[PDB]
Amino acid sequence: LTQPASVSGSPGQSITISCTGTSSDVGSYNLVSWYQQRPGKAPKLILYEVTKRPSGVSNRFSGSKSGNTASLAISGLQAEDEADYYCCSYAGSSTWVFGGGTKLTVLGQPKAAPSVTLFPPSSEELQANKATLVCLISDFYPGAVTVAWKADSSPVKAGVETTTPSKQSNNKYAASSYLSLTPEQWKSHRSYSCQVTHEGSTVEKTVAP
């Protein structure tokens, strides 16, 4: 099921979080449920049968369905609602299907662009017939970035590993991206670049052998 990756709201505001399935999923049944999940913790049920709340769930949380799309609405948005939210639906024949998840941010400080440091391969790593590019990404808010690498001008997908964002002690976020490289590849190109896009604006750093 298809959910937005991210949703933002200021304290006291109202948000909505959509969940789109098919005529086979959300469309055919009134069995949509929603779950709240906090880092390191198990999911918690907050809505089932599209609209009903478990005992103990605040009526700031409400649910609806229209066509193939269910929605979760949170009013009076509090800091404690910053979490991941998952929809779920009966999928026919005693099976169940979850949405991909939506990360809800409760804005508690102004938006901040990522700070980017790019390190080229060290001498010792090259002397071991290996090479790694290290792109460290700091101080961004909210915690969603995408990372793209370029050898000279052409995009690179192979050899790229990027971490999930992680919350810093100041409640901004950090991330890492690594490009695994051949010594020849590193020496051969004139430069490499790691491009970090945050809120549709991109920060780039570039290194050269």
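One-based numbering along the sequence shown.
Next item on the list: Higher average CA B factor in the deposited record is what I'm after, so tell me if that's 108-116 or 92-100.
Entry: Between 92-100 and 108-116, it is 108-116 that shows the higher mean C-alpha B-factor.
Checklist line | Average Cα temperature factor in the PDB entry - higher stretch of 138-146, 33-41 | finding: The recorded data point to 138-146.
Notebook entry, point to check: By its CA B factor, does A83 count among the lowest, middle or highest third of the modelled residues in the chain?
Noted result: For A83, the deposited C-alpha B-factor lands in the middle third.
Next item on the list: Place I17 in the lowest, middle or highest third of its chain's C-alpha B-factors, as listed in the PDB entry.
Entry: Middle third by C-alpha B-factor.
Note to self: Among the modelled residues of this chain, does the Cα B factor of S10 put it in the lowest, middle or highest third?
What the structure shows: For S10, whose C-alpha B-factor we compare with every modelled residue in the chain, the answer is the highest third.
Notebook entry, point to check: Where does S201 sit by CA temperature factor within its chain: lowest, middle or highest third?
Noted result: It falls in the top third of the chain.
Check: Lowest, middle or highest third of the chain for the C-alpha temperature factor of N129?
Finding: It belongs to the highest third of the chain when residues are ordered by C-alpha B-factor.
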